[PDB]
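Visitor: My questions will all concern the structure given below.
Heads up, the Cβs are rebuilt from the backbone with ideal geometry, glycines too, and the neighbour counts pull from every protein chain shown. Any read-out appearing in this document is the output of simple, stated calculations on the displayed coordinates, not a laboratory observation.
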Amino acid sequence: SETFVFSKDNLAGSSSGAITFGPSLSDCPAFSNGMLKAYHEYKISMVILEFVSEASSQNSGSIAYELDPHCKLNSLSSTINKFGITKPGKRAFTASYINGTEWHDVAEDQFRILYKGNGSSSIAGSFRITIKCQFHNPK
Amino acid sequence: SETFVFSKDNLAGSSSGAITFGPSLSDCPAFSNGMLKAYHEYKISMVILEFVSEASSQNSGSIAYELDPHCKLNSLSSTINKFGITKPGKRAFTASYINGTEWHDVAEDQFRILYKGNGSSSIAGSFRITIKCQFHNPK
Amino acid sequence: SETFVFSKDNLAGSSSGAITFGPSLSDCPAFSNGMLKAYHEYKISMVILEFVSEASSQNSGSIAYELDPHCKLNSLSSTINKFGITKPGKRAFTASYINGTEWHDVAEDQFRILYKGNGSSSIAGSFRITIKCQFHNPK
Amino acid sequence: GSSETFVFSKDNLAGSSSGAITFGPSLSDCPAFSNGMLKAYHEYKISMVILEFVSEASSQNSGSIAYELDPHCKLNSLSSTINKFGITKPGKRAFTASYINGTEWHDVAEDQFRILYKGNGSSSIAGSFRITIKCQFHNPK
Amino acid sequence: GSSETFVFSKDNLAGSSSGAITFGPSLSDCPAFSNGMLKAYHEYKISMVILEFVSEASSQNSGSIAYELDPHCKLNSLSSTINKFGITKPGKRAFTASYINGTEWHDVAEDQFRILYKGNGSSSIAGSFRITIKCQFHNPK
Amino acid sequence: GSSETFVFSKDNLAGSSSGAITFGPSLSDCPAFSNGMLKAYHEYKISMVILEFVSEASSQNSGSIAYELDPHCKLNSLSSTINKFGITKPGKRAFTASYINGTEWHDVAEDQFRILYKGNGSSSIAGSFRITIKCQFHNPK
Amino acid sequence: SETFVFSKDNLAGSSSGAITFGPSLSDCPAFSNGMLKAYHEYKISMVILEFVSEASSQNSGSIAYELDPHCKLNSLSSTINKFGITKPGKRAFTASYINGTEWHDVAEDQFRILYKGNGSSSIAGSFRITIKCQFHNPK
Amino acid sequence: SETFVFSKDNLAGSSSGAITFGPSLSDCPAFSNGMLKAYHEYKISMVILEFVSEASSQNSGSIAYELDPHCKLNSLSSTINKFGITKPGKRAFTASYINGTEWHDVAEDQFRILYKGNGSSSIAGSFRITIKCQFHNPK
């Protein structure tokens, strides 16, 4: 079970986007263009998403994060789970929450995390994402 | 988790149809318009299909049914399983039969039950369907 | 015992209003227009009200919350329980505090939470409300 | 208090006639209860109900009687059709305390609950409801 | 060789519809046999057949289903009406090896025998044939 | 369900011919499986595979057959060359449930997995794949 | 096993540089010009790096710190580990993480910590570094 | 930790080369372009070198190999160890043999395996190399 730590940096307070975990994970070239390119199956057993708050305390807003376990959404719709952009945050998703108990082909993404902020345009912080993954059937 | 009991009523002896367990299950508003829109993942860990006989004992026929796990059939083909229109029936399908080992997106039908009767056009009975399901990742 | 997570968003620092838990809970259509519409009785066993602070640290004020277990007040009168709008908060009400030990008809609200802020008009945060409920006597 | 067990019956249930039985001060089908004990006690609770369908119907009658239990008397006609009895086959159904608002004493001027029913058969006789309510009473008058 | 026991069913037997079931390469009603084992073995013989009539008919249906056993597939429609099943009563009938040409192996390109049937009832549903064939196979492909 | 064990073989493997064997509805090399049980069951999973190379090659033939296991049928030709069998020496290789997508039932209209292979020898005969798949089936048709 | 506490002060929010642990550690003259000058071997068994936050809450930015255990980098490249300059932080590196299990000559640095901030030019805080070291073979 | 299996194929009986385990190991993209760029430190705690014989039994020679621990040799000198081209071989090197007791920078080759064959120019076989390695300090 390998471990991959990467970071989505300079998330503005109004940043909206998706982080797709699989071959589309350009944010970690050692994963999308690394391990996946030379394997058949992989499952991302655990995800640790931490919001490191670089925002000034004069920035009002929050980043709402939705964990879609099937890559069926291109934009966040659930505004329930969120971190205040002036406060550090941490969320741990286990295997059952992330569609991560059956091996997937290295061509299709396992899931995605969609983030959407409603704050001001200034830099609001960064996402440190630690995925504990497993690999199988070497090429 | 929850246990939803709903009904498909006024089934004539020759009525045919499909019960798609998921977003297409219009029969139970407590599931399709309710819990399916309050969660991301779900699985129907058990199904109990009971046939309550409203039919006259002086009418013939039966209602055959086929459990389509992957929603690949839209009309009945097989007739091995059947409920007599004058004898109430009961059939319990566990998780592995109804594809419910893993989790599904609420925009997807988990499985379906195709039913077709060969009786007359008289009211043959009702289906009481009891789905024991679990939910995940609140929306 | 089902669980429902919803959120009252964009609570301005001077926001004053009521969240009524029952058929009048428009903030969770999966509850008011979902489970309740297809059941006879329900009791909300537990409530977890968390104030997520999206307010800038230059916003002075607090949101006072009063838990009325009988829907007898249309506006907050007790200014004792409150969260500072610049600080995250969490309050857990059990069954006895919320009139939640005897089943109620799905037409009458079990209780309500009245919130009233004295801060500035800017966005002060959001309420994340997790109600652990139970349902009975299926329709 | 006083523990009573009243067995009464709503008879001549037409296969298509629909109705409702309100348990409490308006239970005219059991005059020994509505105008009986409730005239001599301040509080009652119907701790248990046993509703049974004894069928007088022939083998050729096709239909059913759907019975809904309204624990607050806020419905006046049938709404759901999940629970049902075959009009040609006797059936039984026991409701405990919680299902029928029977965990808390009610003053005799209020209705505890009701049982609505609707038959989807023909107009011939279908059967009869044998209803056994086990109740308790308090505070004698 | 390989001993198999295939249980299949011809369902929705109308009380008046007549037909024939050819056992062997053309047994479409049991796809696990016609297109199954016969694609992987040179020789088979159906050493035993158990034909059962499971009735879905009401007590008011008057008729029968006459079943003839043609051990050489040289008849295409029913000819005799001695053997028969009541369309309202389940029945059973076991054919041994000799009665069904089942004492000698047949290459998979030929039909072992067939069972013709004809109902003299009405057009309503009469029942279903539950057919259990106990067969043996040789010379794997 | 039903537990079956199908042993078939892809023969006349040229030392240089490359191909792929798709296990499931398209397994033409084992007609008793693709067109057999899969015509009579809704769900199957191939819980185990045993691929064996039985060599017909002489001592003078230099080469190997590289076999890749694609658990999702998303590759059409060989890509990797790590696993391999000597074309002159018999070999064995057992894949368990997880390695071959065999932990979850698949509807009969979808392919469970496939085994691609490519020989880097000459054009002479190299051997034959003896493949034993132990499978289970559900929901009879 | 001696202990050395020192401090890199007045780290501006945009400060970028390296702290090399060994004879090049000018920030602790009692270590580079002290113990090392009179010994042959030393290993720095443990490092405790704490960011004390002197920054005003109106300063947006973070200091990213990379622990290079071989002195092969002159500038930070990994922007994953970081402290928000408005929040105190603490990180403890043990022996295996800092190339600190085999004795080194007192002329070559054991490792280095490269810090790089992306905040404003104002004073963002200080680094308090506590190295638990060991010394061997007295001169 | 992980166990990477890669291959050096199409080795003619007289082919010579060097397998540099580290950033120069172009054979395995899952290691050189992958994990080596996802971590700072690493060590190859075990190596299993297997020689799968593709060669004809009517060809002579052998492939000798020398385990260079400190990458000081670029071409083979010693020939004590050897794999016959007609008999598959296996050799397991533990940590102390392959210099893997300590940790290394990913910009450095930990060790290498020099191989040279004295056979003809016919395809003699393939090398299946299985490195059991560990990683440290995520980049």
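Visitor: Packing-wise, with mean Cβ within 10 Å as the measure, how do F:6-12, E:59-65 rank, highest first?
Guide: Per-residue mean Cβ counts within 10 Å order the peptides as E:59-65, F:6-12.
Visitor: Another question, if that's okay. Semi-axes of segment H:44-124's equivalent ellipsoid from the Cα gyration tensor, sqrt of 5 times each eigenvalue, largest first, rounded to whole Å?
Guide: 27, 13, 10
Visitor: What is the dipole size for chain G, taken about its Cα centre, with +1 at each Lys and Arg Cβ and -1 at each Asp and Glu Cβ, in debye to the nearest 20?
Guide: 280
Visitor: Sorted by average packing, counted as other Cβ atoms within 10 angstrom per residue and highest first, what order do H:98-108, B:55-65 take?
Guide: B:55-65, H:98-108
Visitor: Ok, one more. Mind checking the mean number of beta-carbon atoms from other chains within 10 Å of the Cβ atoms in H:32-45?
Guide: 5
Visitor: Please compute the modelled spin-label separation between E:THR5 and F:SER28, points set 7 Å along Cα→Cβ, answer in nm with one decimal.
Guide: 3.6
Visitor: Can I ask one more? Quick one: order D:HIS42, F:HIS106 by neighbouring beta-carbon count within 10 Å, fewest to most.
Guide: So the ranking, lowest neighbour count to highest, is D:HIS42, F:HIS106.
Visitor: Taking the Cβ of G:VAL47 as the center, what net charge do the other residues with Cβ under 10 Å away carry, scoring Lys and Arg +1 and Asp and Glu -1?
Guide: Neighbour charge sum, excluding G:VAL47 itself: +2.
Visitor: Counting partner chain Cβ atoms within 10 Å of every residue's Cβ in D:66-75, what's the average?
Guide: 4
Visitor: Here is a follow-up. Please identify, among C:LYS37, C:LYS116, C:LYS72, the residue showing maximal mean-square fluctuation in a Gaussian network model of chain C using a 10 angstrom Cα cutoff.
Guide: Comparing C:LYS37, C:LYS116, C:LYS72 in a Gaussian network model of chain C, the most mobile one is C:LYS72.
Visitor: Which of D:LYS39, C:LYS82, H:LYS132 comes first, and how do the rest follow, when ranked by fewest Cβ neighbours within 10 Å?
Guide: Result, fewest neighbours first: D:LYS39, H:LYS132, C:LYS82.
Visitor: I'd like the FRET efficiency for F:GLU104 and F:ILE50, computed as 1/(1 + (r/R0)^6) with the beta carbon distance as r and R0 of 25 Å, rounded to 0.05.
Guide: With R0 = 25 Å, the Cβ-Cβ based efficiency is 0.75.
Visitor: Provide the FRET efficiency to the nearest 0.05 for the D:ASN35-B:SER16 pair, computing r from the beta carbons and using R0 = 35 Å.
Guide: 0.10
Visitor: P(r) tail for segment C:59-102, what percent of Cα pairs lie past 12 Å?
Guide: 67
Visitor: Neighbour counts of other C-beta atoms within 10 Å: give me C:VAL5, B:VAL52, F:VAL54 arranged from fewest to most.
Guide: In increasing order of surrounding Cβ atoms, one gets F:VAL54, C:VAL5, B:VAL52.
Visitor: If you don't mind, there's one more thing I want to ask. Summing +1 for each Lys or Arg and -1 for each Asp or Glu, what net charge is found among the other residues whose Cβ lies under 11 Å from the Cβ of B:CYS71?
Guide: Here the count lands on -2.
Visitor: Something else now. Taking K and R as +1 and D and E as -1, what net charge do the other residues with C-beta under 14 Å from the C-beta of A:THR101 add up to?
Guide: Result for the neighbourhood of A:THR101: -2.
Visitor: While we're looking at this one, here's another question. Averaged across C:4-11, how many Cβ atoms of other chains sit within 10 Å of each residue's Cβ atom?
Guide: So the per-residue partner count for this stretch is 4.
Visitor: Also, quick follow-up: Along each principal axis of its Cα atoms, how long is the protein assembly as shown end to end? Whole angstroms, biggest number first, please.
Guide: The Cα atoms of the protein assembly as shown stretch 113, 95, 46 Å along their principal axes.
Visitor: As a test of the formula, what do you get for chain E when each DSSP H run with n ≥ 4 contributes -39,500 (n - 2.57) and the sum is divided by the residue count, at 222 nm and rounded to the nearest 500 deg cm²/dmol?
Guide: Taken over chain E, the calculation gives -500 deg cm²/dmol.
Visitor: Would you work out which of D:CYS135, D:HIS106, D:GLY63 lies farthest towards the positive end of the dipole of chain D, given +1 charges on the beta-carbon of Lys and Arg and -1 on that of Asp and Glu, about the Cα centre?
Guide: D:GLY63
Visitor: Also, quick follow-up: Based on the mean of other Cβ atoms within 10 Å per residue, sort peptides E:118-125, C:119-126 so the most packed one is first.
Guide: Put in order of decreasing packing, that is C:119-126, E:118-125.
Visitor: Once phi is turned into ³J(HN,Hα) by the Karplus curve 6.51 cos²θ - 1.76 cosθ + 1.60 with θ = phi - 60°, what whole-Hz value does each residue of segment B:63-68 show in order, with x for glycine and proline?
Guide: 10, 8, 9, 10, 8, 8
Visitor: Considering just Cα atoms, how many Å³ per residue does the convex hull of chain C enclose?
Guide: 89
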